[PDB]
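J.: got the complex split up, this is the first portion:
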Amino acid sequence: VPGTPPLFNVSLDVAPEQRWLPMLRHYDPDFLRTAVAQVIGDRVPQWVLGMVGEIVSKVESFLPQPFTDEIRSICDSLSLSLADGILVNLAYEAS
C-alpha cells in the first residue's frame, strides 16, 4: 500500500471527452497548470513553441479523434490551450 500511486478507473465506454474528468477532479487545476508549464518549459525547446500552431494542425487532421478529443477535454477543464495539451502529450516521445 504505502508508496503506491492513487488508483483510478477510466471507462472506455464513457465518451472520450468525459472519461478522464473524474480523475482530473482529484487534482488542483492551478497545480496541474503549473506542472504542464514546467514540462513544456524544460522539455520543449523554444523553436518548437514557435510553430506550435502547426503541430496542433497536423494532430487534429492526422491523429485519431479519441486522442485529440480526450486531450481537448483535459485542456478545457484546466484552462489550457489545445496546443499545450498536445505538446505535453508529445513532450515524452524522447528526451
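T.: Yep, that arrived. Numbers count the residues shown, from 1 in each chain, chains lettered A, B, ... in the order given.
J.: Quick check: the residue sitting nearest the centre point of chain A vs residue A:79, distance?
T.: The residue lying closest to the centre of chain A (C-alpha atoms, centre = their mean) is residue A:85, at 3.8 Å. The gap separating residue A:85 from residue A:79 is 11 Å, by C-beta to C-beta, to the nearest Å. Where you see a C-beta, it was placed from the backbone N, CA and C, and this is true even at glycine.
J.: thinking again about what came up before, would you mind confirming that the residue nearest to the centre of chain A makes contact with residue A:77?
T.: No. Residue A:85 is beyond contact range of residue A:77, at 10.0 Å (criterion: C-beta atoms under 8 Å).
J.: circling back to that earlier point, list the contacts for the residue nearest to the centre of chain A?
T.: A:36, A:71, A:72, A:74, A:75 (C-beta atoms under 8 Å, 6 or more residues apart in numbering).
J.: Just the closest of these to residue A:3, please.
T.: residue A:36 (25.0 Å; C-beta to C-beta).
J.: Skipping adjacent residues, who's closest to the closest one in space?
T.: Spatial nearest neighbour of residue A:36, chain neighbours left out: residue A:88 (5.1 Å); criterion: C-beta to C-beta, 6 or more residues apart in numbering.
J.: what's the one you found sitting at in phi/psi?
T.: With angles defined as degrees, to the nearest 10, residue A:88 sits at phi -70, psi -30.
J.: picking up where we left off before, what's the closest of the contacts of residue A:85 to residue A:21?
T.: Nearest to residue A:21 among the contacts of residue A:85, with distances taken as C-beta to C-beta, is residue A:74, at 8.3 Å.
J.: And the residue nearest to the centre of chain A, how far from residue A:22?
T.: On the measure of C-beta to C-beta, residue A:85 and residue A:22 end up 18 Å apart.
J.: Residue A:68 reaches residue A:60, doesn't it?
T.: Yes. If you go by C-beta under 8 Å, residue A:68 and residue A:60 touch, sitting 5.9 Å apart.
J.: Who has more neighbours out of the two?
T.: residue A:68 (21 against 13; other C-beta atoms under 10 Å).
J.: what about the more buried one, helix or strand, and which?
T.: Per DSSP states H and E, residue A:68 falls inside helix A:65-78.
J.: Centre of the chain to that helix, how far?
T.: 7 Å (C-alpha atoms, centre = their mean, to the nearest Å).
J.: Give me the buried stretch members for that helix, please.
T.: By neighbour count with 16 or more other C-beta atoms under 10 Å, helix A:65-78 contains the buried residues A:68, A:70, A:71, A:72, A:73, A:74, A:75, A:77, A:78.
J.: Another chain to add, chain B:
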Amino acid sequence: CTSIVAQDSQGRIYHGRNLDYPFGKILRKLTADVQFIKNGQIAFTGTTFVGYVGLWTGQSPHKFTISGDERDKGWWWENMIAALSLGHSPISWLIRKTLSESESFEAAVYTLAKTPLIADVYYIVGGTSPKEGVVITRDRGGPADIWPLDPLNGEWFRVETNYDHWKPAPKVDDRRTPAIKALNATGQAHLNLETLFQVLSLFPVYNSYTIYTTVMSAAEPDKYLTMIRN
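T.: Time to bring in chain B:
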C-alpha cells in the same frame, strides 16, 4: 529508463521497469495507476501522469505486459514534427491501443513491431509462456531489431535502458551493465517479482531521475505493483 523482461527456471515471465525523467519532483505527485474499464471489467492496467493519455507502462491481464524506453539518435523533436503528419502513431498511444485491442502476446509483438511511429523507441513485451519476452528496437517506419529471450541457450533475461543492445552502453550512462550483473547474481532460479524489484532498486538503475518502479507479470495480473520513488 530501464526495462527488464525475464524468465525463471520454471518458465514464468516477469517484467519490470524504472521510468526516469529529468526535473521530475513534480511528476512524482502526478503519477497514477489507471484501470481501463470495458463492459464493467478491468480491460488493462497502466501507470501514467495526470493529463497524459498514453501509456508507457501497462498490462493486459493473462495476455502480456508492455513497457517503453526512449530511443534518441538526436534531433527527436525535429524528426517527430516530420513524422507526425503522415498518420503515424505516438509511442505511448500505440502501447495503450495494443493493451486495449491485441488478443495475445504474439499479436501485440507484431503490432508493436510494425505500426508506423512518430519517433524511435524501445518496446519491451512480456507474455505468459516460456520464451515470451522480447525487446523491440523501433525505427519510425518499422523494427530495427527484434531481441527475444533465449533461455534454451542460457539467455533468460533481456535488459534495455536507452541504447541499442548490440552496441556498448556509453561509459557516462551505463545502467545496463549493473542490471545485467545484478540479474546474473540473482540467478534464473531465484527470479521473481521481489528480486526483480530489488534489481530495479540498484544505483544507477534506480537514480535521482527515477519517477517510479513497476513490476508486473501478465500471468499474475493481481501482482501489478508501482512504487513512486523519492
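J.: mind redoing the buried residues of helix A:65-78 now chain B's in there?
T.: Using 16 or more other C-beta atoms under 10 Å in any protein chain shown as the test for burial, helix A:65-78 gives A:66, A:67, A:68, A:69, A:70, A:71, A:72, A:73, A:74, A:75, A:77, A:78.
J.: Chain A: helices as residue ranges?
T.: A:21-24, A:29-43, A:46-50, A:52-62, A:65-78, A:82-90 (DSSP state H).
J.: Which one of those helices lies nearest to residue B:208?
T.: Evaluated over the helices of chain A, closeness to residue B:208 peaks at helix A:29-43, with 15.4 Å, by C-beta to C-beta.
J.: quick one, that closest one and helix A:65-78 angle?
T.: Per axes from the mean of the first three to the mean of the last three C-alpha atoms, to 10 degrees, the angle that helix A:29-43 makes with helix A:65-78 is 120 degrees.
J.: which residues are in contact with helix A:29-43?
T.: A:24, A:49, A:77-80, A:84-85, A:87-88, A:91-92, B:22-23, B:26-27, B:29-30, B:50-51 (C-beta atoms under 8 Å, 6 or more residues apart in numbering or on different chains).
J.: Just the angle for it relative to helix A:52-62, thanks.
T.: Going by the same axes, to 10 degrees, helix A:29-43 makes 100 degrees with helix A:52-62.
J.: okay, the angle between helix A:29-43 and helix A:82-90?
T.: Going by the same axes, to 10 degrees, helix A:29-43 makes 70 degrees with helix A:82-90.
J.: send the alpha carbons of helix A:29-43 over as PDB?
T.: Provided in PDB are the C-alpha atoms of helix A:29-43 (Å, rounded to 0.1, in the frame of the first residue of the first chain):
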ATOM      1  CA  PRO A  29      -6.100  22.800 -11.600                       C
ATOM      2  CA  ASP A  30      -3.600  25.500 -10.700                       C
ATOM      3  CA  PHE A  31      -1.200  22.800  -9.700                       C
ATOM      4  CA  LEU A  32      -1.700  20.800 -12.900                       C
ATOM      5  CA  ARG A  33      -1.400  24.000 -15.000                       C
ATOM      6  CA  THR A  34       2.000  24.900 -13.500                       C
ATOM      7  CA  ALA A  35       3.100  21.300 -13.900                       C
ATOM      8  CA  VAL A  36       2.200  21.400 -17.600                       C
ATOM      9  CA  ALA A  37       4.100  24.800 -18.000                       C
ATOM     10  CA  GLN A  38       7.100  23.300 -16.300                       C
ATOM     11  CA  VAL A  39       7.300  20.200 -18.500                       C
ATOM     12  CA  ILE A  40       6.700  22.300 -21.600                       C
ATOM     13  CA  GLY A  41       9.300  24.700 -20.300                       C
ATOM     14  CA  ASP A  42      12.300  22.400 -19.700                       C
ATOM     15  CA  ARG A  43      11.300  19.800 -22.300                       C
END
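J.: Nothing else from me, thank you.
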